[PDB]
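Chemist: Submitted below is the structure of interest, expressed as structure tokens.
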Amino acid sequence: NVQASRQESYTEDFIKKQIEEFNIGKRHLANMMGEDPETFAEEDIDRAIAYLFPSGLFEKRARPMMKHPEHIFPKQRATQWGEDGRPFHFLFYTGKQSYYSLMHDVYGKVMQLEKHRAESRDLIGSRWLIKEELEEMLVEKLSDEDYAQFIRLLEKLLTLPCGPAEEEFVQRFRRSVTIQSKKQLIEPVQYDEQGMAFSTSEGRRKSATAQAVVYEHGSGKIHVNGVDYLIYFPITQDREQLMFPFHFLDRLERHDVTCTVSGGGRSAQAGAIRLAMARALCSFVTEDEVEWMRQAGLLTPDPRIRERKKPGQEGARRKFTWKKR
Amino acid sequence: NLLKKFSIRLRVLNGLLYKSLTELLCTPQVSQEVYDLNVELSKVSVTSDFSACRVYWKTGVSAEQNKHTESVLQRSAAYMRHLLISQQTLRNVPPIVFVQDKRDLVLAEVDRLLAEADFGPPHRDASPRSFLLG
Amino acid sequence: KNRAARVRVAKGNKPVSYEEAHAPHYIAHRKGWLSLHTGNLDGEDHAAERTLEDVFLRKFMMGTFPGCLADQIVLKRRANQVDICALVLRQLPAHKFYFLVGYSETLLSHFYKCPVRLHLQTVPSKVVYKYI
Amino acid sequence: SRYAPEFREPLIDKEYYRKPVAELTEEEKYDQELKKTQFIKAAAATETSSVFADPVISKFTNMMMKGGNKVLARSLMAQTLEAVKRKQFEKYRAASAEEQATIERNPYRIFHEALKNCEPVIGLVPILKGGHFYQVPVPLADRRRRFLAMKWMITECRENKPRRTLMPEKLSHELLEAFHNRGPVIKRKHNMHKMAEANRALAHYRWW
Amino acid sequence: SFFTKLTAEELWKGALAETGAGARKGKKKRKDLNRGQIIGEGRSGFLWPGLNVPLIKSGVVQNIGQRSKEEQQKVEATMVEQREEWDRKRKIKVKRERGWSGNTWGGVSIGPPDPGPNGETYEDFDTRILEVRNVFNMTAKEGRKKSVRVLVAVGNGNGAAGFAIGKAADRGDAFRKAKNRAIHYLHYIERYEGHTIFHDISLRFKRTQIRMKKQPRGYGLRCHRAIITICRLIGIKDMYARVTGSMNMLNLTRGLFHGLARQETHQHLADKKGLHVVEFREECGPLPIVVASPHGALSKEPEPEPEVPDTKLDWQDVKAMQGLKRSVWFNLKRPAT
RNA sequence: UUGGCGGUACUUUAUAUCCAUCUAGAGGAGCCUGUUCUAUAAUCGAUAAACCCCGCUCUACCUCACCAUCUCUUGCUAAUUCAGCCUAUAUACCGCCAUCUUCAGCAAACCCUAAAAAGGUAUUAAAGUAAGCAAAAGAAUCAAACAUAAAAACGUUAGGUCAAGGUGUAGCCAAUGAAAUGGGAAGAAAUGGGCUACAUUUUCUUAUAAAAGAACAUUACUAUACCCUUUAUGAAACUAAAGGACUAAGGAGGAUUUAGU
Ligand SMILES: [K+]
Ligand SMILES: [Mg+2]
Ligand SMILES: [Mg+2]
Ligand SMILES: [Mg+2]
Ligand SMILES: [Mg+2]
Ligand SMILES: [Mg+2]
Ligand SMILES: [Mg+2]
Ligand SMILES: [Mg+2]
Ligand SMILES: [Mg+2]
Ligand SMILES: [Mg+2]
Ligand SMILES: [Mg+2]
């Protein structure tokens, strides 16, 4: 008994009407955009809505949407009993009919395997589904203790002898682990009008950006912005930074590089070239060497950039003096 | 029944508590385990309010030895408080807490380095009145 | 604490609209702009004049439709045309709206010397985004 | 930091990567295979595989730098090594064959052996007990012991030198004079040790 | 200037000063000034077709006009009268009945409980208040928090009654919580012939003693004011009761329902002993009246009748029959209950 | 039965932090700027943390609210025995904020208790439940992360602001209102913050931060002061900049304190 509106819940009759309007919505949206209604799809709908209702709101949940009711409306709002009031599932009164119905099946499988009576690593590089994924399969809220108990039961199933039916079952709750390989992506090897091989790669340090063009065969002649490298870089430390890629792979005096660095200062421009050269030099080295470069810092872009000044303090971190009290 | 049933002054209390707890730990009176630990006491510091009593015991090199010594010492600290009230050392004793003192290890370290050092050459709302009106 | 344009929490009985619920830092993220003109774009003139005209147009519509406005009005300038889009409660008779539309349009076209049109969407009652 | 904590410090040792697989300890071998699926920090601008790069000398340069003037600080260190090499060449040429053998003309070896001669084994940390400031003997770590040697050198030269002398001429004259265990920096080390011996009895008053 | 003018909501918010440092830790009244204003009506008295006057009159399309100075003065005076009348309406209110006193909540009806889950209306039930406590505790919200504990009773006057306690920070909420809770704890009280208890009842609930007596028709309810309220809810019309010891309202309500709900009907007594239950009224002479007969087999062994009973007698009951003078306060003339 | 604070000083805890470690500063000199004090015919407000280059992203006139002196009386508006009011109370308020604070709580409606002043957890589970607000998430810094910004409820300080504006109550209407002219001064003073120098990792010159040639202690370094010229803005130079000399003190700054991962 409060002014806050009563819980808004959706019946099967309500969602059913929301799906008829959506189906009639598609036929109108198709007629607007001049497309054929039969083939009009979810992808075309989202594109049409973006043209007819251009919104530049940064958060995409707040933009106009004409989606199917299944997506927008919470799925876990379906009638669980009939007209006579008798629930449909024998575990209705537990409050977690779907979680306990699943724990009922897995416990019955375990009993038959134990009564009836090889390597268990049938699948590798897989993980157990996270609670958020499980909650989606069950379509009901689970607690952290409920998730832990389900996994322990599934593990016990794997320990026991498993027929092909059991392996398919546990597969449903095994999700492929992401295979993000931190391995450098080698650039192609183009050919010049003369016919010499060369690779190109970009590099960015602070505000400086470089575009190197390493040549497979050379005597070590580096030209920066159409100038020599001793002239362009009068500082010793800046030249050393250009030496690091080649010296590491013992490839000094074997390549001819032509660089074009714009932006930043003297040190930031040398660093930008170093990464650009290291990435272009990848095409002319063995894969074992490319990994050696990656593990020495030569292929990682440096993310350190100047931080903004903050209002009310002298600098990015420097604070105004705390006046003597 | 049973289940329900179950400046200068601080200098004097700090020194005497140290003088007595050292004796309790030199015999199996507290326990045989506590006797075998061969624990040493750096000092005792009683708080100003007397809410607690700090007992600093000279920690050792091995973390495992220290972790075991800590657990055994703490479990017996409640019983150790009983022994001091029962022998009439002090009428009131605060909850004894055992603290570590790793200075002893540092004290040995200094001598080793120092010897090797190069010194060099020398009402109306509550009432029904509003309601009754309408 | 920041007090700017925030409808503060009550005890769950205050009905705030979508516009009222969102604080200033959600501008351009979850809620858009009530006025759309070209005067605040880069290298454009007459920002001061467009902003003053909007302030008046908002006070004028409130007084001309007193208690009949469900939400803040939306102002759209295209070329020299001004367009006022207001959600209005269905309190007044229908013919009274036809009078206030004819009056408010003619009066505002002769005051700012531009074509002004009024677009009214009638709601049965204020739309409540959430109870706070 | 802009590097997430999952990032690994880069290893810029050229020989380590090119060693035969069998020459690597299984612990080192494990790290290489693990690092293949991890993130590595980009190498610093001052981190290179150069055979002439000495970490200690690179560190000494940064401790002389003022306001991010690395070119000037590196120049002062480069001029110093040269000023020491030129000072030993003069003595070597002006010495007999017997004396010539002992004379060392490598500046990098005079710098490292000089600093080592200025490192103090023990230290003194200033504490307050009983309303007075009582310092106590402390044992110094390898990092604190190395920092103190470099800091004492960069401070003797910066301050206690004539107005018209330059740092490459005062630092060279101190590295060489320390290299023989007779400089003022060595005296500073003797005083720190000597003070600790005086306070050896009162080491008790340490709580950290 | 026209640009420094604020809306009514912000003007009253500032003037009322409800949200302020003084208000929270320790009179101006709000008014609506658009209540009587008709869109299109101004001081000048212009008449606007389609806004404040008919657009067409007797088939004639109207044009703009203005009221005369005399006509406008009447309209201004009429609105002033309506405003003054509205103020009178605010003062006026429908008086509701007091309870045991004029400033107390005990005995005050608060209506029937709210409808149930499936439209179960309880219009036949009445709710009465018995105690209202305003108690303050010590929580960080106000330092000393506020609490209202309300004891209520409900009954349909036809044998079904119940009581509950509702607690809240606001009194109105404590009423709803108690009122709807009591409908879930309905005792059924057995009434002899629908107007009195079946037999004398004496009980002690904690330190509160209650002593009820069965009485003939027309006797009325001569009981503690709280018992009269409950007896009306139960439907008892004639009874006597005395309360001694502590006067705790909760112990009296708990003690009353405990005793009234554990009484033995005549039909039950006939079954327990197997004998006929016969009634002898002095206004019917020696005529024996059979009020309950055993459901099963009637026994043939007469109930033992002792020569001298060992009943435990109350001195208060016996004292009267012994000829001892009563208090000046006993059996005074009182209004009909 | 609760709430509190007492000496919660005890164990873990903070993370550019309480001490320690590190770097550059402040504390000394010269100036710039705020405040207090003295003081003037001459604003006001802020004024421990959470004031002191604060309202001001800005005072030669204007700005201006101050003071002296002279003048106006239906005195901005369609109307009004009305206009106007920076007049008192921020201890009547709105509005917009500081603070604890990137702290973690605030918790409505139901249900249960041998009556409840209150409480309501156990996961191999024992009465609690299904929803909000903040946090998280999301979005922004235009790949990705991280980081930074933004966000941060309820209370605490009757904290700040009637002088952004609006407003309750009280006060002035030939004056507490309106306008014009000219002033709103200073320091053998204290203190907060900033700036520059004290130099050799320096000074000047050309390049450019590479390199080179000179200077390098009595004025060498070293005056964003005073003074002297020219110039820009302006009606007004009292302002700012650029030269010119004049050049004084200062030789790295006691206890002590600020910022930075
Ligand atoms: K306020
Ligand atoms: Mg800085
Ligand atoms: Mg009365
Ligand atoms: Mg004030
Ligand atoms: Mg002035
Ligand atoms: Mg003036
Ligand atoms: Mg005035
Ligand atoms: Mg993001
Ligand atoms: Mg967040
Ligand atoms: Mg005046
Ligand atoms: Mg001029």
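Chain labels A, B, ... are given in the sequence in which chains occur in the structure tokens; within each chain residues are numbered consecutively from 1, and ligands are likewise numbered from 1 in the order shown.
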Please identify which residues in region 128-323 of chain E DSSP calls strand (DSSP E or B) from the backbone, and express them as a VMD selection string.

Modeler: chain E and resid 128 to 137 145 to 155 160 to 168 187 to 188 192 196 201 to 205 208 to 214 221 to 222 239 to 245 277 to 279 289 to 292

Chemist: Just write the chosen residues, C-alpha atoms, as a CSV table (one decimal), in the first residue's frame.

Modeler:
chain,number,residue,atom,x,y,z
E,128,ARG,CA,-11.6,-0.5,17.0
E,129,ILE,CA,-8.4,1.0,18.6
E,130,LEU,CA,-7.3,-0.1,22.1
E,131,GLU,CA,-3.9,1.5,22.6
E,132,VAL,CA,-1.7,3.9,20.6
E,133,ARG,CA,1.9,4.3,21.8
E,134,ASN,CA,4.3,6.9,20.4
E,135,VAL,CA,7.7,5.5,21.4
E,136,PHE,CA,11.1,6.9,20.5
E,137,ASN,CA,14.3,4.9,20.2
E,145,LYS,CA,14.0,7.7,16.1
E,146,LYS,CA,10.2,7.8,16.1
E,147,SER,CA,7.9,4.8,16.4
E,148,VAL,CA,4.1,4.3,16.6
E,149,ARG,CA,2.8,1.0,18.1
E,150,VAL,CA,-1.0,0.5,17.6
E,151,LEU,CA,-3.1,-2.3,19.1
E,152,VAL,CA,-6.4,-2.8,17.3
E,153,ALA,CA,-9.3,-5.3,17.5
E,154,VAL,CA,-11.7,-6.4,14.7
E,155,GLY,CA,-15.0,-8.2,14.8
E,160,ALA,CA,-15.7,-13.7,15.0
E,161,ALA,CA,-13.1,-11.3,16.4
E,162,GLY,CA,-9.4,-10.8,16.5
E,163,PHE,CA,-6.6,-8.5,17.6
E,164,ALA,CA,-3.2,-7.5,16.3
E,165,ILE,CA,-0.4,-5.0,16.9
E,166,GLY,CA,0.9,-2.9,14.1
E,167,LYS,CA,4.1,-0.8,14.3
E,168,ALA,CA,5.4,1.9,11.9
E,187,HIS,CA,-11.0,-16.2,17.0
E,188,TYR,CA,-14.6,-17.5,17.1
E,192,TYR,CA,-25.0,-18.5,24.8
E,196,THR,CA,-23.7,-13.8,26.7
E,201,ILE,CA,-14.8,-17.3,33.4
E,202,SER,CA,-11.9,-16.5,35.8
E,203,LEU,CA,-8.3,-16.3,34.6
E,204,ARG,CA,-4.9,-14.7,35.2
E,205,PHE,CA,-2.9,-13.7,32.2
E,208,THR,CA,-3.7,-9.2,34.9
E,209,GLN,CA,-6.7,-10.9,36.4
E,210,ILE,CA,-10.0,-11.0,34.5
E,211,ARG,CA,-13.3,-12.3,36.1
E,212,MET,CA,-16.3,-12.5,33.8
E,213,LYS,CA,-19.8,-13.5,34.8
E,214,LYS,CA,-22.7,-14.8,32.7
E,221,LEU,CA,-22.1,-4.7,29.5
E,222,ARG,CA,-20.8,-3.7,32.9
E,239,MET,CA,-22.0,-9.6,30.8
E,240,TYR,CA,-20.2,-8.5,33.9
E,241,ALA,CA,-16.4,-8.4,34.2
E,242,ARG,CA,-13.8,-7.1,36.7
E,243,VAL,CA,-10.1,-6.5,36.0
E,244,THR,CA,-7.5,-6.4,38.8
E,245,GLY,CA,-3.7,-6.4,39.1
E,277,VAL,CA,-28.1,-30.3,30.3
E,278,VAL,CA,-31.2,-28.8,31.9
E,279,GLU,CA,-31.9,-25.1,32.6
E,289,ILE,CA,-35.7,-26.5,30.0
E,290,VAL,CA,-33.6,-29.0,28.0
E,291,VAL,CA,-30.8,-27.0,26.3
E,292,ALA,CA,-28.5,-29.8,25.2

Chemist: Could you work out which residues of chain A fall inside 8 Å of chain D? Count only C-alpha atoms, and format the result as a list in words.

Modeler: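 The contacting residues on chain A are residues 180, 181, 182, 183, 235, 237, 240, 241, 244, 247, 248, 249, 267, 271, 291, 292, 294, 295, 296, 297, 298, 299, 300, 301, 302, 303 and 304 of chain A.
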
Chemist: Would you mind exporting the chosen residues as a short mmCIF file (atom, residue, chain, number, x, y, z; two decimals), in the first residue's frame, restricted to N, CA and C atoms?

Modeler:
data_model
loop_
_atom_site.label_atom_id
_atom_site.label_comp_id
_atom_site.auth_asym_id
_atom_site.auth_seq_id
_atom_site.Cartn_x
_atom_site.Cartn_y
_atom_site.Cartn_z
N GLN A 180 42.58 -16.01 -27.04
CA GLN A 180 43.22 -14.78 -27.48
C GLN A 180 44.73 -15.03 -27.51
N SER A 181 45.28 -15.18 -28.71
CA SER A 181 46.70 -15.46 -28.89
C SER A 181 47.43 -14.13 -29.05
N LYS A 182 48.25 -13.79 -28.06
CA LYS A 182 49.07 -12.58 -28.12
C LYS A 182 50.30 -12.87 -28.98
N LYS A 183 50.04 -13.03 -30.27
CA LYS A 183 51.07 -13.32 -31.26
C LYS A 183 51.04 -12.25 -32.34
N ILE A 235 71.04 13.75 -31.40
CA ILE A 235 71.20 13.24 -30.04
C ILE A 235 71.54 11.76 -30.10
N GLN A 237 71.05 9.38 -27.80
CA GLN A 237 70.02 8.48 -27.29
C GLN A 237 68.92 8.24 -28.32
N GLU A 240 70.28 5.61 -30.69
CA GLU A 240 70.28 4.31 -30.05
C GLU A 240 68.91 3.65 -30.11
N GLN A 241 67.85 4.45 -29.99
CA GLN A 241 66.51 3.89 -30.03
C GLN A 241 66.20 3.29 -31.40
N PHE A 244 68.00 -0.20 -31.57
CA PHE A 244 67.53 -1.31 -30.75
C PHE A 244 66.86 -2.41 -31.56
N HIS A 247 69.83 -4.17 -33.79
CA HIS A 247 70.89 -4.73 -32.96
C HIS A 247 70.40 -5.98 -32.23
N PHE A 248 69.13 -5.99 -31.83
CA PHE A 248 68.61 -7.12 -31.07
C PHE A 248 68.64 -8.40 -31.90
N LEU A 249 68.26 -8.30 -33.18
CA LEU A 249 68.24 -9.45 -34.07
C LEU A 249 69.53 -9.61 -34.86
N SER A 267 62.46 12.89 -28.78
CA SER A 267 62.46 11.56 -28.18
C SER A 267 61.21 10.77 -28.57
N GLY A 271 61.06 7.08 -30.69
CA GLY A 271 60.31 5.94 -30.20
C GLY A 271 59.24 5.49 -31.17
N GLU A 291 58.68 -13.64 -31.66
CA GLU A 291 58.30 -13.80 -30.26
C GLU A 291 59.37 -13.22 -29.34
N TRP A 292 60.64 -13.34 -29.73
CA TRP A 292 61.71 -12.74 -28.94
C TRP A 292 61.60 -11.22 -28.93
N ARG A 294 58.71 -9.59 -29.25
CA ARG A 294 57.54 -9.28 -28.45
C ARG A 294 57.85 -9.34 -26.96
N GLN A 295 58.75 -10.22 -26.55
CA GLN A 295 59.07 -10.41 -25.14
C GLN A 295 60.17 -9.48 -24.66
N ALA A 296 60.69 -8.61 -25.52
CA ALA A 296 61.66 -7.60 -25.13
C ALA A 296 61.08 -6.19 -25.17
N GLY A 297 59.80 -6.05 -25.49
CA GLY A 297 59.15 -4.76 -25.49
C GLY A 297 59.16 -4.04 -26.82
N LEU A 298 59.72 -4.64 -27.86
CA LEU A 298 59.88 -3.95 -29.13
C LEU A 298 58.59 -3.85 -29.93
N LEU A 299 57.60 -4.70 -29.66
CA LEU A 299 56.39 -4.76 -30.45
C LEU A 299 55.16 -4.26 -29.71
N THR A 300 55.30 -3.86 -28.45
CA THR A 300 54.16 -3.34 -27.70
C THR A 300 54.09 -1.82 -27.86
N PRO A 301 52.95 -1.26 -28.25
CA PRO A 301 52.83 0.20 -28.23
C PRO A 301 52.84 0.73 -26.81
N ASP A 302 53.52 1.85 -26.62
CA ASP A 302 53.60 2.45 -25.30
C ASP A 302 52.33 3.26 -25.04
N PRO A 303 51.53 2.92 -24.02
CA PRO A 303 50.29 3.66 -23.78
C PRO A 303 50.45 4.91 -22.94
N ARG A 304 51.65 5.18 -22.42
CA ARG A 304 51.85 6.31 -21.54
C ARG A 304 51.72 7.61 -22.32
#

Chemist: Applying 9 Å and only C-alpha atoms (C1' of nucleotides), which residues near residue 13 (chain B) remain after dropping the ones on its own chain fewer than 4 positions away? List them as number ranges by chain.

Modeler: B: 8-9, 17-18, 44-46, 90

Chemist: Keeping only N, CA and C atoms, take the residues you just selected and write them out as a PDB file, in the first residue's frame.

Modeler:
ATOM      1  N   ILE B   8      53.644   6.294  36.495  1.00  0.00           N
ATOM      2  CA  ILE B   8      54.339   5.402  37.420  1.00  0.00           C
ATOM      3  C   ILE B   8      53.568   4.099  37.584  1.00  0.00           C
ATOM      4  N   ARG B   9      52.235   4.176  37.623  1.00  0.00           N
ATOM      5  CA  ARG B   9      51.441   2.968  37.823  1.00  0.00           C
ATOM      6  C   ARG B   9      51.569   2.024  36.635  1.00  0.00           C
ATOM      7  N   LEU B  17      53.910  -7.389  35.220  1.00  0.00           N
ATOM      8  CA  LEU B  17      53.283  -8.350  34.319  1.00  0.00           C
ATOM      9  C   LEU B  17      54.334  -9.087  33.502  1.00  0.00           C
ATOM     10  N   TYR B  18      55.373  -8.373  33.064  1.00  0.00           N
ATOM     11  CA  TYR B  18      56.483  -9.021  32.376  1.00  0.00           C
ATOM     12  C   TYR B  18      57.239  -9.950  33.316  1.00  0.00           C
ATOM     13  N   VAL B  44      56.282  -5.932  28.121  1.00  0.00           N
ATOM     14  CA  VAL B  44      54.832  -5.895  28.265  1.00  0.00           C
ATOM     15  C   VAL B  44      54.402  -4.436  28.305  1.00  0.00           C
ATOM     16  N   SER B  45      53.405  -4.088  27.492  1.00  0.00           N
ATOM     17  CA  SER B  45      52.878  -2.728  27.423  1.00  0.00           C
ATOM     18  C   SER B  45      51.380  -2.767  27.695  1.00  0.00           C
ATOM     19  N   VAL B  46      50.971  -2.202  28.825  1.00  0.00           N
ATOM     20  CA  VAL B  46      49.562  -2.091  29.186  1.00  0.00           C
ATOM     21  C   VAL B  46      49.040  -0.750  28.693  1.00  0.00           C
ATOM     22  N   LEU B  90      48.237  -9.760  40.475  1.00  0.00           N
ATOM     23  CA  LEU B  90      47.472  -8.533  40.329  1.00  0.00           C
ATOM     24  C   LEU B  90      45.998  -8.865  40.489  1.00  0.00           C
TER      25      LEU B  90
END

Chemist: Return as a ChimeraX atom specification every polymer residue, whether protein, DNA or RNA, with at least one atom no more than 9 Å from an atom of ligand 11; count only C-alpha atoms (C1' of nucleotides) and all ligand atoms.

Modeler: /F:232-234,237

Chemist: Produce a file of the selected residues containing N, CA and C atoms (P, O5', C5', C4', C3', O3' and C1' of nucleotides), as a PDB file, in the first residue's frame.

Modeler:
ATOM      1  P     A F 232      51.953  54.032 -30.724  1.00  0.00           P
ATOM      2  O5'   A F 232      51.118  52.871 -30.027  1.00  0.00           O
ATOM      3  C5'   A F 232      51.042  51.579 -30.611  1.00  0.00           C
ATOM      4  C4'   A F 232      50.262  50.630 -29.738  1.00  0.00           C
ATOM      5  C3'   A F 232      48.888  51.109 -29.306  1.00  0.00           C
ATOM      6  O3'   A F 232      47.900  50.922 -30.303  1.00  0.00           O
ATOM      7  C1'   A F 232      50.045  50.261 -27.434  1.00  0.00           C
ATOM      8  P     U F 233      46.677  51.953 -30.416  1.00  0.00           P
ATOM      9  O5'   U F 233      45.839  51.682 -29.093  1.00  0.00           O
ATOM     10  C5'   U F 233      45.239  50.417 -28.866  1.00  0.00           C
ATOM     11  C4'   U F 233      44.479  50.389 -27.566  1.00  0.00           C
ATOM     12  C3'   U F 233      43.578  51.579 -27.297  1.00  0.00           C
ATOM     13  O3'   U F 233      42.348  51.507 -27.992  1.00  0.00           O
ATOM     14  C1'   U F 233      44.823  51.071 -25.355  1.00  0.00           C
ATOM     15  P     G F 234      41.735  52.823 -28.676  1.00  0.00           P
ATOM     16  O5'   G F 234      41.303  53.722 -27.439  1.00  0.00           O
ATOM     17  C5'   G F 234      40.292  53.284 -26.548  1.00  0.00           C
ATOM     18  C4'   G F 234      40.254  54.121 -25.298  1.00  0.00           C
ATOM     19  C3'   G F 234      40.149  55.622 -25.496  1.00  0.00           C
ATOM     20  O3'   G F 234      38.840  56.057 -25.812  1.00  0.00           O
ATOM     21  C1'   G F 234      41.811  55.165 -23.898  1.00  0.00           C
ATOM     22  P     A F 237      46.269  60.867 -20.314  1.00  0.00           P
ATOM     23  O5'   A F 237      46.530  59.664 -19.304  1.00  0.00           O
ATOM     24  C5'   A F 237      46.626  59.892 -17.902  1.00  0.00           C
ATOM     25  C4'   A F 237      47.475  58.848 -17.221  1.00  0.00           C
ATOM     26  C3'   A F 237      48.909  58.735 -17.744  1.00  0.00           C
ATOM     27  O3'   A F 237      49.792  58.359 -16.687  1.00  0.00           O
ATOM     28  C1'   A F 237      47.811  56.678 -18.035  1.00  0.00           C
TER      29        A F 237
END

Chemist: Ligand 6: which residues are within 12 Å, counting only C-alpha atoms (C1' of nucleotides) and all ligand atoms, as JSON, numbers by chain?

Modeler: {"F": [61, 62, 63, 64, 65, 66, 67, 68, 179, 180, 181, 182, 183, 184]}

Chemist: Counting only C-alpha atoms, a student should be able to say which residues of chain E come within 10 Å of chain A; what is the right answer, written as an NGL selection string?

Modeler: :E and (114 or 173 or 176-177)

Chemist: Taking only C-alpha atoms into account and nothing else, which residues of chain E lie no more than 7 Å away from chain B? Please answer as a PyMOL selection string.

Modeler: chain E and resi 93-98+103-105

Chemist: Kindly compile the residues surrounding ligand 7 within 9 Å, counting only C-alpha atoms (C1' of nucleotides) and all ligand atoms, and format them as a PDB file with N, CA and C atoms (P, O5', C5', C4', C3', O3' and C1' of nucleotides), in the first residue's frame.

Modeler:
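Result file is selection.pdb:
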ATOM      1  P     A F  65      25.960  52.433  -7.459  1.00  0.00           P
ATOM      2  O5'   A F  65      25.615  51.468  -6.241  1.00  0.00           O
ATOM      3  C5'   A F  65      26.132  51.720  -4.943  1.00  0.00           C
ATOM      4  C4'   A F  65      26.042  50.496  -4.066  1.00  0.00           C
ATOM      5  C3'   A F  65      26.766  50.577  -2.730  1.00  0.00           C
ATOM      6  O3'   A F  65      25.982  51.209  -1.732  1.00  0.00           O
ATOM      7  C1'   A F  65      27.228  48.495  -3.799  1.00  0.00           C
ATOM      8  P     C F  85      14.564  48.412  -7.046  1.00  0.00           P
ATOM      9  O5'   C F  85      15.021  48.708  -5.554  1.00  0.00           O
ATOM     10  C5'   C F  85      15.965  49.729  -5.273  1.00  0.00           C
ATOM     11  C4'   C F  85      16.180  49.882  -3.791  1.00  0.00           C
ATOM     12  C3'   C F  85      16.421  48.591  -3.028  1.00  0.00           C
ATOM     13  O3'   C F  85      17.758  48.137  -3.121  1.00  0.00           O
ATOM     14  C1'   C F  85      14.811  49.888  -1.887  1.00  0.00           C
ATOM     15  P     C F  86      18.089  46.741  -3.844  1.00  0.00           P
ATOM     16  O5'   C F  86      19.377  46.219  -3.075  1.00  0.00           O
ATOM     17  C5'   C F  86      19.380  46.098  -1.658  1.00  0.00           C
ATOM     18  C4'   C F  86      20.764  46.300  -1.101  1.00  0.00           C
ATOM     19  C3'   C F  86      21.383  47.657  -1.410  1.00  0.00           C
ATOM     20  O3'   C F  86      22.262  48.042  -0.353  1.00  0.00           O
ATOM     21  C1'   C F  86      22.660  45.956  -2.447  1.00  0.00           C
ATOM     22  P     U F  87      21.934  49.339   0.538  1.00  0.00           P
ATOM     23  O5'   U F  87      20.591  48.959   1.308  1.00  0.00           O
ATOM     24  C5'   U F  87      20.547  47.854   2.200  1.00  0.00           C
ATOM     25  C4'   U F  87      19.801  48.188   3.468  1.00  0.00           C
ATOM     26  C3'   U F  87      19.630  47.045   4.458  1.00  0.00           C
ATOM     27  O3'   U F  87      20.777  46.841   5.264  1.00  0.00           O
ATOM     28  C1'   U F  87      17.564  48.160   4.171  1.00  0.00           C
ATOM     29  P     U F 176      17.487  58.545   4.409  1.00  0.00           P
ATOM     30  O5'   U F 176      17.783  57.295   3.470  1.00  0.00           O
ATOM     31  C5'   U F 176      19.017  56.591   3.533  1.00  0.00           C
ATOM     32  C4'   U F 176      18.850  55.167   3.063  1.00  0.00           C
ATOM     33  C3'   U F 176      17.739  54.960   2.037  1.00  0.00           C
ATOM     34  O3'   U F 176      18.100  53.909   1.143  1.00  0.00           O
ATOM     35  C1'   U F 176      17.272  53.679   3.958  1.00  0.00           C
ATOM     36  P     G F 177      18.975  54.224  -0.164  1.00  0.00           P
ATOM     37  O5'   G F 177      17.890  54.415  -1.313  1.00  0.00           O
ATOM     38  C5'   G F 177      17.060  53.338  -1.717  1.00  0.00           C
ATOM     39  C4'   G F 177      16.033  53.788  -2.724  1.00  0.00           C
ATOM     40  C3'   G F 177      16.582  54.457  -3.973  1.00  0.00           C
ATOM     41  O3'   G F 177      17.037  53.537  -4.948  1.00  0.00           O
ATOM     42  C1'   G F 177      14.855  55.782  -3.090  1.00  0.00           C
TER      43        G F 177
END

Chemist: When DSSP works through the backbone of this structure, what residues of region 63-187 of chain A end up as helix (DSSP H, G or I), shown as a count of residues only?

Modeler: 60

Chemist: Quick check: residues of chain D within 10 Å of chain F, only C-alpha atoms (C1' of nucleotides), returned as a list in words.

Modeler: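 Contact residues on the first chain: residues 1, 2, 3, 4, 5, 64, 65, 66, 67, 69, 71, 72, 73, 75, 76, 125, 126, 127, 144, 158, 162, 163, 164, 165, 166, 167 and 208 of chain D.
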
Chemist: Could you pull the residues within 12 Å of residue 186 (chain F), counting only C-alpha atoms (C1' of nucleotides), minus those fewer than 4 positions along the same chain, as number ranges by chain?

Modeler: F: 38-40
